[PDB]
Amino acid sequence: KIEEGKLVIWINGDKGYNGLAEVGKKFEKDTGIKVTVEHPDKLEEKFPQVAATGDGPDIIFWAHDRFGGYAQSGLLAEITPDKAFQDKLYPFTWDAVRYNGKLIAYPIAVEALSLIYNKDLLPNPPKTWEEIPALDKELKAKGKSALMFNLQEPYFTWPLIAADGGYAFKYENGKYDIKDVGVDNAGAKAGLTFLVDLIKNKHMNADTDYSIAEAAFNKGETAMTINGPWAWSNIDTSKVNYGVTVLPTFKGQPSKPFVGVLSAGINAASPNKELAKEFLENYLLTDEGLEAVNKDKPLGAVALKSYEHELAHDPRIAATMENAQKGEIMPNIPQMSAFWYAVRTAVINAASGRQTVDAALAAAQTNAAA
């Protein structure tokens, strides 16, 4: 069971957990309630297992996409903010945390992938994806690579796949068609083909995960990377003269990244819902609260209006927001996990050569649909 009188919080490792722990400490000082901040491996998979039994954390942090499915699975409590608190945040962020006409999580920040480049190694970043092979030929001679990013999570190769015309589920007449999946189309195929051609032409490596790509960029080995705001902290630590810009185009089309909204959900099994509400509304969703988390690892474009001016003029944030506009806010619909798992398998097998782009993407399309 979940311990009453205290608060357990689960948040991802790539995020500002130590910052969030300080907020929890600040909350314990005023209230005398212990706040434990954990970062379990594979928490997005782990949570729905434990929550079903009545165990797990009091509060769950993840991007809105996994939230609709949890709500459908009857794992999330219905959040009850008054119009006063709701007005403190951007309505579009509230739309992201709504499932079945109910508010299921608290929106924290809008996170988007951006083109991060070494200003010293590359003063002018490429406007197109197409010019990247030529650019790596130049850098390879200098024992450096043009670009490196996570090829183990579909979230990173997604703005490329979507740039042309690749898509998750079709949105028409105010709803998503769960049977209409666009991970098999000409646009999706062209996108992933280009990526596999890069690996094939010794421009990228299929094995490249989150860490390896970060190490390479932060150590100056690679001139470019694809990542979100959270990454910026370690890039600062590395003292690399870096710029955060708009992602490269593909077939004259802008890259369309899947935009996530960091959200905080309350476990329906929690006997500490009112405390969870108090911590989220009065301690985290405050300018002091976000400052603490943002100083650890950057949140991106925050949902809290009162904290806009403090980040609104950072070019990194402006560049993130440009990509956000070029991309699309992810659906929260329960089918998203099925979609992600299907694309994860498709990208991995195509990159490794285990399956053809065409065969793998075809399987994904079937697997993503019910």
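In this text, residue numbers run from 1 along the sequence as written.
- Per-stretch averaging of Cα B factors for 330-338 and 51-59 places 51-59 on top.
- Higher average CA B factor: 198-206, of the stretches 273-281 and 198-206.
- When the C-alpha B-factors of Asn267, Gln72, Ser211, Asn294 are read from the PDB record, the largest value belongs to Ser211.
- If you compare the C-alpha temperature factors of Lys88, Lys102, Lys142, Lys189 in the entry, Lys142 comes out highest.
- When all modelled residues of the chain are sorted by CA temperature factor, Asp287 is found within the middle third.
- In this PDB entry, the Cα temperature factor of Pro107 sits in the bottom third of its chain's modelled residues, the lowest group.
- Ranked within its chain, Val8 lands in the middle third, by CA B factor from the PDB record.
- When the CA B factors of the chain's modelled residues are split into thirds, the value for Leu135 lands in the highest one.
- In the PDB entry, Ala370 places in the highest third of its chain by CA B-factor.
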